[PDB]
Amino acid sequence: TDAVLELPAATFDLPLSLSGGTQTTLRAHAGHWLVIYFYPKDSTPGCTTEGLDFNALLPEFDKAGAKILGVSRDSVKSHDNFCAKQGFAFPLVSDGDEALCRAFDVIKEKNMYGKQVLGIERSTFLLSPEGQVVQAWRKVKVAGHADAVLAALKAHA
């Protein structure tokens, strides 16, 4: 009833490689809210702006017991460098095989260059303590986005 997106059951058990060398799974986050934001490329202007915006709001997400994960298909080492340079205090998922991206249907196609071109569409989701995807933002506008996600989280929580 309250889900806006249905994930395959296996999605919740995928090993997600994080910055810093550990793995997590979505099921491992049971019992608390989770914000998952997908972005197309480490260390680019929009992705850096977005990450810094979430980072600045961490204490507000903490107040709500929520955790955040950023996701792109960059490598663990790329993510480590990005986190260190920017000072991010939340993890980044290295979804190199786009398994998590496909589950959330964020790999979108565009007819461009006389080709069918597939890429990550900037998107964010709110996952409830019981693993339901209860809100989505697609084709995300970075300006104001982290603030809007925090507001929605508070309203849902």
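The term rigid core refers to the most C-alpha atoms you can superpose between the two forms while keeping them within 1.5 Å. Residue numbers here begin at 1 and follow the sequence given.
Q: Please work out whether 115-123 or 66-74 has the higher root mean square C-alpha deviation in 7 other deposited structures of this protein relative to the shown form, with the rigid core as fitting region?
A: Stretch with the larger root mean square C-alpha distance in 7 other deposited structures of this protein: 115-123.
Q: Quick check: by Cα RMS after rigid core superposition, does 127-135 or 39-47 differ more from this form in 7 other deposited structures of this protein?
A: Of 127-135 and 39-47, the stretch deviating more in 7 other deposited structures of this protein is 39-47.
Q: Do the CA atoms of 61-69 or those of 94-102 have the higher mean B-factor in the entry?
A: According to the entry, 61-69 carries the higher average C-alpha B-factor.
Q: If you check the C-alpha B-factor for each of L18, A143, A136, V149 in the entry, which is highest?
A: Answer, based on the entry's C-alpha B-factors: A143.
Q: Looking at the entry's B-factor column for C-alpha atoms only, identify whether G51 ranks in the lowest, middle or highest third of its chain.
A: It belongs to the lowest third of the chain when residues are ordered by C-alpha B-factor.
Q: When the deposited Cα B-factors of this chain's modelled residues are ordered and cut into thirds, is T44 in the lowest, the middle or the highest one?
A: According to the entry, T44 has a C-alpha B-factor in the chain's highest third.
Q: Comparing against every modelled residue in the chain, figure out the third that the C-alpha B-factor of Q116 lands in (lowest, middle or highest).
A: Ranked within chain, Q116 CA B lands in the middle tercile.
Q: Determine, from the deposited record, the chain-internal third of the Cα B-factor for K108: lowest, middle or highest.
A: Tercile = middle for this residue's CA B-factor.
Q: Using the B-factors in the PDB entry, rank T22's C-alpha atom against the chain and give the third, lowest, middle or highest.
A: It belongs to the highest third of the chain when residues are ordered by C-alpha B-factor.
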